[PDB]
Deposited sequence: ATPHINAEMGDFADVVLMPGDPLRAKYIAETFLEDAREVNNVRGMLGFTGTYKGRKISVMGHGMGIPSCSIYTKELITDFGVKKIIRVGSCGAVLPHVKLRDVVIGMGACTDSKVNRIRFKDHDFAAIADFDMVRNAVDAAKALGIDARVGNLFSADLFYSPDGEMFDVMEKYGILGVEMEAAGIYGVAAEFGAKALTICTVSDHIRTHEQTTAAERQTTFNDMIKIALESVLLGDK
């Protein structure tokens, strides 16, 4: 048991999918996993372990924001033997040609946070994902027949930003989605030695303002299927 997770070494698989919402994790366990059982409930952060096509898999929420997800991804890596972490969240689009329900794969993640500058002597650390994992996900999407854009994400500290002009800069630099965790997960994976990847479903559009724990299944199917490709 750790400060934020009440479980023992072995309760989690070496691979864990992590949505920001605890209720979506529960839903993923009920819909995609077999013989699924609850392994954690402290502070309401539901965690589950089960099987997908004979493969042991875990799924647990991580809360909103870098500070919250940094705590959980670190504890799993250092005390529960987790090797791979795949974040399956939602994001906001800034580009004109990006529409709701689109699937994005974050090869990299920009941020307005200071966490990585605190780790890198105040210089620029390129927060990137594991190449193999990115590739496994791309191959899984193709096999499933689902479209998916690979590119940069932007991890925001303020969902309600006081500076809207920064969206112009994001668009100019081809940012595919705005969320609040990627850059933090990638910094942790590198500090504590593990591999990570973030997959997101465009759930709203920052320019047009159109919006949408259920129904984001293609994202899940790609993630689970990409894990098996990695096992081979």
TODO: Can you give me the gaps, meaning deposited-sequence stretches with no C-alpha coordinates, in sequence order?
DONE: 213 to 217
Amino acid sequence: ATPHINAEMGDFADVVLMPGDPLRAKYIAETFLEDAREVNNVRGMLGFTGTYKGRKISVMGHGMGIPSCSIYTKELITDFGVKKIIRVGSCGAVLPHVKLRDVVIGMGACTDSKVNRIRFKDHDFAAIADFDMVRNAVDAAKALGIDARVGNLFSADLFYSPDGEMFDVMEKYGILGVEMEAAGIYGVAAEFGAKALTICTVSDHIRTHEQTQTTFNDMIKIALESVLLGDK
From here on, numbers count along this sequence of modelled residues.
TODO: Going by the average Cα B-factor in the PDB entry, point out whether 186 to 194 or 160 to 168 comes out higher.
DONE: 160 to 168
Task: Mean temperature factor over C-alpha atoms, higher-scoring stretch between 215 to 223 and 14 to 22 - done: 215 to 223
TODO: Going by the CA temperature factor in the entry, name the top one among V42, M60, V39, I175.
DONE: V39
- [ ] Could you look up the Cα B-factor of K83 in the entry and say which third of the chain it sits in: lowest, middle or highest?
- [x] middle
Open item on the list: For the chain shown, is the CA B-factor of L33 in the lowest, middle or highest third of its modelled residues?
Closed with: highest
Task: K99 by Cα B-factor - lowest, middle or highest third of the modelled chain - done: highest
- [ ] Would you check the entry's CA temperature factor for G65 and let me know if it's in the chain's lowest, middle or highest third?
- [x] lowest
TODO: Divide the modelled residues of the chain into thirds by Cα B-factor and specify which third, lowest, middle or highest, holds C200.
DONE: highest
